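Colleague: below you'll find the sequence and an experimental structure to go with it.
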Amino acid sequence: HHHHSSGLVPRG
Amino acid sequence: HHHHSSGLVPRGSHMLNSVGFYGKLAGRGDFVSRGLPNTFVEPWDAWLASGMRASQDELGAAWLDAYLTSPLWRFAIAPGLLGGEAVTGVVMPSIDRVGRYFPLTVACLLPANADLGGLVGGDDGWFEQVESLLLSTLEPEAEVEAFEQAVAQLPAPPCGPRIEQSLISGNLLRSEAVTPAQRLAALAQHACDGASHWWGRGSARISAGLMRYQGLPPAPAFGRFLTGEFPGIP
Amino acid sequence: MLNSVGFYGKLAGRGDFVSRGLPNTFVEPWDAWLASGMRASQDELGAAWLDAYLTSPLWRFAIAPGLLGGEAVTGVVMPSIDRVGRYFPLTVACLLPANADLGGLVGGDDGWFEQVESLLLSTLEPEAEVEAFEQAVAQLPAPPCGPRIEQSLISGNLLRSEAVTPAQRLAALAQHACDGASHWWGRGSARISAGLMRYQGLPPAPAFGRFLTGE
Amino acid sequence: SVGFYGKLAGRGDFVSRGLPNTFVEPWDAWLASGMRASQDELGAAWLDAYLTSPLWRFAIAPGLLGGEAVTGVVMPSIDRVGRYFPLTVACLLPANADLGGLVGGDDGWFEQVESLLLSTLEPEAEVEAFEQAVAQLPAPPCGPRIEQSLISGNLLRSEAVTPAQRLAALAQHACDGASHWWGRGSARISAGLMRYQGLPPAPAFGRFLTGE
Amino acid sequence: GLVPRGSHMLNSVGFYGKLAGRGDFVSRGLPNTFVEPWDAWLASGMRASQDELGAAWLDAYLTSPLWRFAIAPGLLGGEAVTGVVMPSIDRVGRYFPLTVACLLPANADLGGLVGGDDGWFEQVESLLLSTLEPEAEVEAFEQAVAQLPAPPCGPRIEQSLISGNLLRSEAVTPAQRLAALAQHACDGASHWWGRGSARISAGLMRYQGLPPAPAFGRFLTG
Amino acid sequence: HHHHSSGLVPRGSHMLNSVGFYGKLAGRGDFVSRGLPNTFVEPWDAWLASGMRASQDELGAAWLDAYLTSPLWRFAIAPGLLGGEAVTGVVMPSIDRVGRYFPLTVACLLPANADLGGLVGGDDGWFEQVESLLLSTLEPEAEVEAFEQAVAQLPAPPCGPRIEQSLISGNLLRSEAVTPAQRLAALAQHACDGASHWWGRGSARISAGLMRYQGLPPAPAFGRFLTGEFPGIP
Amino acid sequence: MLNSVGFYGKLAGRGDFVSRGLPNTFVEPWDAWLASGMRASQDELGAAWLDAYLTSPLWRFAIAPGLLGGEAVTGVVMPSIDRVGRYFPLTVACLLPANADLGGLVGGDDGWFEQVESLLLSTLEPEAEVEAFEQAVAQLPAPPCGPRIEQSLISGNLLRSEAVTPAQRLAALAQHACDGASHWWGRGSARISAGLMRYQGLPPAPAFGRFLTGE
Amino acid sequence: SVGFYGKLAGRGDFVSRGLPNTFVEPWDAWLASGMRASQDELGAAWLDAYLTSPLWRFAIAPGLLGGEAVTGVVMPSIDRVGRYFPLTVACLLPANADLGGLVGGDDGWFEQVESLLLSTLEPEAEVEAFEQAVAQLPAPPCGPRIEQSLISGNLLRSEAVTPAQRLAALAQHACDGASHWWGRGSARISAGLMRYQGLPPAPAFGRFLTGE
Amino acid sequence: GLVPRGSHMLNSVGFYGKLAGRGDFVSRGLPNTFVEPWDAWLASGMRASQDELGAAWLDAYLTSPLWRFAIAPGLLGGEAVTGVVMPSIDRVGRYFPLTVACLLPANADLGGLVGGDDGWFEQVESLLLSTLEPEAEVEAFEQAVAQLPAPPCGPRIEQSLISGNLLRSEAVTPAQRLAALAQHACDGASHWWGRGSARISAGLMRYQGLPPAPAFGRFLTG
Amino acid sequence: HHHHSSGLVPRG
């Protein structure tokens, strides 16, 4: 379990 | 690939520790659960429930007033008793929005090599912060948004790795302890192996109480968490 | 109520077994365990037994009440010899009252044990005065030692400790790890690494060889 | 968790939260009987004494004000219309707590309760700032007692096996069935400690106000 | 002649009873205002315990533990007393205890003795037991008691009884209040403790005044 | 007759202690003074002023930048040096509403039998509360109402009476000290007799500094309070 | 660098003056001050001098460096006697390095001084072995003692202390009260009350009578 | 009293209060040179390292970043538009302070500065709550050093006359002309302490991010 | 035969030099991997100081203080050393210092020695000075050194040199970091301290490696 | 100096 928040690669 | 699903997270703490809550919350409609995996939630829920049922059979009609005044309990549970990881946290008797009773717990999941004598035997400060978040949820204008927010910004409790041991030929265990401190630690860690420890202010009055069970406590004993069965004015 | 510290075994400057400051409730079972291990390790090691003995480490120990008579015992043991060249270990031992917390001992300051070590090694010096060793042991203090936190086993599965502080909780744990156990530790030899060993009860005779050789 | 009873500078008559009647009625009785007793004694001297009298920290053994033991602070106080009665912050400690550790431990919890009690006499003192802070008060530090037992009606026996436990056992005994009153005093009374077996008799209440 | 404070009491540590290498009752360093009421009390309890234990008495006696004591003023003279008493013998095999005692000013803080460090009492115990080894030089004992410092012990917190029954102490700190309370438990009392033995467990005992004669057997037995 | 001019005053503290302030306040037009009598204010003002003038003569044109960055000083002044009572408190360089520079001090007046070694040598906590009230007055929106209000609700610092002494035949003084604590106290109290002690964070950097002057410090030394004339990196 | 503690004066079991463990830089000025006071108090008290001496208290003392040679001195003194009945006090003294904080001594634990007291009084017992006293003094530890906080006198009116903590400030004060002084204290006699006495320098000879009698 | 410099999650480019340029310019230079150096070294591995890298407590001897010594905490940070740079809270300690007491004293002041630094990454993080709290920060506890002196170019001599002073003298020396970096580590780097004589060379900056 | 750990070093406390009641160089308990480089160093400094002080040398020598030392591994054999050295003499009046030394594992925490308790070193000083009293039994010295416990000394915090010149320690507490720093000051170094004397003030001295020969006079003089 | 605040006798 490594969950957290946000993400940094774009999602076009 | 980390930058695909998160991004700082300074100390990489979401890999080191999963801290979260499970149970009934006064502001919410049933069982809430954020932050914890599922090899913990399943056997934890199963155990809580068996004791709820067992204790109701024992206490009869006193159960409810026992439950409603029962203390909070701080705990430390050796790995493998609730699936893989070591567990520490606090459990509190609780309620949901439709008046159903189930306990609310905040837990920290730690690697199985965690030094658990450190937790039991160390500084209350973290267990005190967790108790204060829990007790505040039962306040009348408690914003459920707040408890969720605080448990997520809640750092794991200080826990270093344990002195490495090894059990030779079934009757001898050897620890790599070569100073008095490492031996004290080695003994404390061994008292925690395969065990669950519970303690706190005992509500009732003067104090709990450190309690140790081998493995999880049996169902007909869950009633001891709810009321009483110290010296001693002559 | 004799002397705080005593000794049993063989000194290089005496003929047979020697014994001061220790009741019989300790010496007899202690000598029994020692002779059982001596003989058992000689079987398991054969020709290699003598050379491992002449070089085995000094072992500091802490033994729960009941394993050798009623009182808890702490001390050091070292491979020793007598005047006519017969081999048997030399033990300095301090009896403690059964209420004693061995956890603070196993986990406490080395100072007392390190004196006891230096005193045992001195009996193997060219012409060490037997009486200088006896006198130094008879003036030794009992090592630092407090009472155990109170405990009770309940219903067969619950152990309750009257600990209420973090410090008391830590103490309660280590304490629990020592009950019914014997702990052994020291600087090791050139073949045994320094470390801490726990046995439930006294070690069985087959294990004694481990006190002499790693493998 | 921790309550109060008495008269508050910004409220009408009496005030009372967090404390059961098992405590309040005998506490009140003892305070009032002392008020009259001291008025009888000091005569014209009373008002100047009462008005500048000390704050008293107290520990009180089980049995004297209901079954629980109690600790707290009492201060000369006043209600909205200028009628006089003391204000008390108290904490119920049931039974097997060690009062020796309290009387002889840290001043901290008491020093807080003093601070709250005098802040009720400030000009802009908001009356809810008091109840609010007294309800966010923790109980004071009490430990378990040392096991003791009367034997044969002449022997008291304690399970103390060290200096520390023997020192505690003695203080414990000194608090048993008694009441302790200490603090910083006033301009009339020097700081100090007072003891009585049971609650002080009403003709003694004068010493809580003036010294000699 | 030379009496370096105008008094031989408090100068300081003495002893009374029987000593293995001497013939009758040895005694140094102690006034009669103590030695007489102490001997009376000891003897009275010797006789009570023989009445109560019959044939068990001798074997209870030869194995009974060393008892540390602190005794309030007015029970054995005006001075307070502290020390250690041990079952003893003389050269002709008669039995009587050996006491190493030290008189204290009436305002001694006995709560500090009872509740304080052990080193003084463990040092007295080491001297008393030495008199029973076979090679025991009688003069080595007298010499050691002569060089024994007095036991760590300063003054009690000044206290006074105001309104008939309200007791007031001059304690203004937590440490002082703890002291005041502990001294209050010792007034009019004698306290007894030690390592105990094989049959008599460790613990602290408080009697009002000297212990009664029928209680004396409790020191020998469990 | 007390109920004619006041009325509780719980611990009777206005008889035990007079705590107050004197000097220039940023919110007020000139010299303010509440709570202190006048046998203190006169010689205190005289001394401050002589040193102000003396230090200006010494420092030349550096005075102002020295004064404007000078530290705060905690003090303890034996009785009789400023009239009767013992004095303790804090002094801070300050300003008034029209830009004139004079120091602001909060002082506590104590009986001449006060134990002053206790103050110098005791807990900073009170001197820290007084420093914080003073520094806050120089804030831009500092309500002058607040400083007045806090200094009035400000309790006197803990100060017990001193070990009683007596000077026999001019070369011998005897104190009624009979325990180690009373002798330590007796010596500390004697170092304070007829003396003024000053200390604090030293602004400048690492620390002051305990300074002792016999009597009040002389005028040409007041400059030492404003700037510098500790080891010692090799 | 001899023995931590020494002694000077008259023992009941010796003929003349006796002296072990102390350099001459102390003994000579100490004996000088003592003889001056002895003679001076005999003038001031006449017939009453002898009976006051035979009963005067034990005085614990702490003497600033420079008053008796270069080192600070602490000790106890008691009225004593020799084998032929001549009267002169007996002193146990420990030299301390000049950096020593006498304030911690004057204000510290009684334990060392109370041993020294018991050892001096033992020399007046029926047949006390001279050698038992010498040996007990030669095995005595220097009493607990730390360095002074650093100080400097500045311009003639300012004393600066490098104290930065409350604890250091307290220590700086007491320390300052001891410099250039001698302090005297003890349990007193039946005519002198227990108390603490400060003199600047060594006490003058007229004052010595105060060590024997209140008034 | 205590300042900060770097990039704040809720501000545009760079931020800098309370710290002179005598410090900021060489601190910045050293951080940037390390950023590039580590990117060069770790390649594709860099971003995942930087993003989960530890907070580092540091003490830095006089001479290496201007004349004053400095202590503080540095954390991987980010600005409003997602550009990467570390955030630093720092406290200027000029000259004769004992860094041994700091590196080897209580974690408290550092533990606060960690707490403030991570609270800038919370969702609702108000940017003024940070400056406000960093300016109400006390300087950390530093004591005076033990007097020392190099003699004859081979001998170092300290005025230590006790165990305590000798222990302090040794630690003091160990900090002289050096920089210390410790903390709780990350998932990659175990807690520990790192030392360098002067500031770490840029090819070392990679170890501040990943371990082996 | 009986070697209770497979090594006579660390078993534990020995001595070298001249002893008043013996004839040439006494020596027990110490390997040659120490005694030889120690004697070489001592002798070389004896000769340097005579060259540099001329006629003052003898009187400087007979009055110089006892020096406590802790010496890093690799300067006198692979083991670390700690002990005390004293100006000494033999039965025939030749002059050479007497050292009581104890070898330590290469990972000994020397910062704990130098910065730790004094009791061990004060106990060694009391033995060394005893050999110079007139009634000095030579065997009472050997017996005491034989019963001397090793000096309180556990292991240094594990440390490693990563990126070429970045030193990393396993210190996770304030106490451990203090230890790590203090051990870092002792590596490759010898430390010297003591009560000093009348001409040589107290203080702590650190040389890189063994002190050079021309410095040896600093131990004798101020 | 015994100053304070308020007063308790009436002022008709």
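Modeller: That came through, no problem. Numbers count the residues shown, from 1 in each chain, chains lettered A, B, ... in the order given.
Colleague: from now on I want contacts and neighbour counts done on CA atoms only, so please keep to that.
Modeller: Will do.
Colleague: give me the residue from chain A nearest chain C.
Modeller: Nearest residue of chain A to chain C (C-alpha to the nearest C-alpha) works out as residue A:1 at 30.2 Å.
Colleague: residues contacting that residue?
Modeller: When contacts are counted by C-alpha atoms under 8 Å, 6 or more residues apart in numbering or on different chains, residue A:1 touches B:14-15, B:18, B:36-37.
Colleague: among those, name the ones in helices.
Modeller: Among the contacts of residue A:1, the members found in helices (DSSP state H) are B:14-15.
Colleague: count of neighbours near the residue in chain A positioned nearest to chain H?
Modeller: Proximity of chain A to chain H (C-alpha to the nearest C-alpha) peaks at residue A:8, 9.2 Å away. Per other C-alpha atoms under 10 Å in any protein chain shown, the neighbour tally for residue A:8 reads 13.
Colleague: one more: residue A:7?
Modeller: 14.
Colleague: give me the nearest residue to residue A:9, chain neighbours excluded.
Modeller: Spatially, and ignoring its direct neighbours in sequence, residue A:9 is nearest to residue B:4 (5.7 Å; C-alpha to C-alpha, 6 or more residues apart in numbering or on different chains).
Colleague: which SS class is that neighbour?
Modeller: coil (DSSP: H, G, I helix; E, B strand; the rest coil).
Colleague: report the central residue of chain A.
Modeller: Nearest residue to the geometric centre of chain A (C-alpha atoms, centre = their mean): residue A:7, 2.4 Å.
Colleague: report the contact partners of the residue of chain A found nearest chain G.
Modeller: Residue of chain A nearest chain G, by C-alpha to the nearest C-alpha: residue A:4 (46.2 Å). Counting by C-alpha under 8 Å, 6+ apart, residue A:4 touches B:5-6, B:9, B:14.
Colleague: and which of these is nearest to chain E?
Modeller: residue B:14 (46.7 Å).
Colleague: and that closest one, how far is that from chain F?
Modeller: 41 Å (C-alpha to the nearest C-alpha, to the nearest Å).
Colleague: how many residues are close by whatever residue of chain A ends up closest to chain I?
Modeller: Closest residue of chain A to chain I, C-alpha to the nearest C-alpha: residue A:2 (25.2 Å). Residue A:2 has 16 neighbours, counted by other C-alpha under 10 Å.
Colleague: now swap in residue A:9 and tell me
Modeller: 11.
Colleague: same check on residue A:5?
Modeller: Residue A:5: 9 neighbours (other C-alpha under 10 Å).
Colleague: residues contacting it?
Modeller: B:5-7.
Colleague: swap in residue A:6?
Modeller: Neighbours of residue A:6 in contact, by C-alpha under 8 Å, 6+ apart: B:5-7.
Colleague: try 10 Å this time
Modeller: B:3-8 (C-alpha atoms under 10 Å, 6 or more residues apart in numbering or on different chains).
Colleague: which two among these are spaced furthest apart?
Modeller: B:4 and B:8 (11.6 Å; C-alpha to C-alpha).
Colleague: still on that earlier bit, what sits against the residue of chain A closest to chain I?
Modeller: B:2, B:5-6, B:12-18, B:35-37.
Colleague: again, only using 8 Å
Modeller: Counting by C-alpha under 8 Å, 6+ apart, residue A:2 has contacts B:14-15, B:18.
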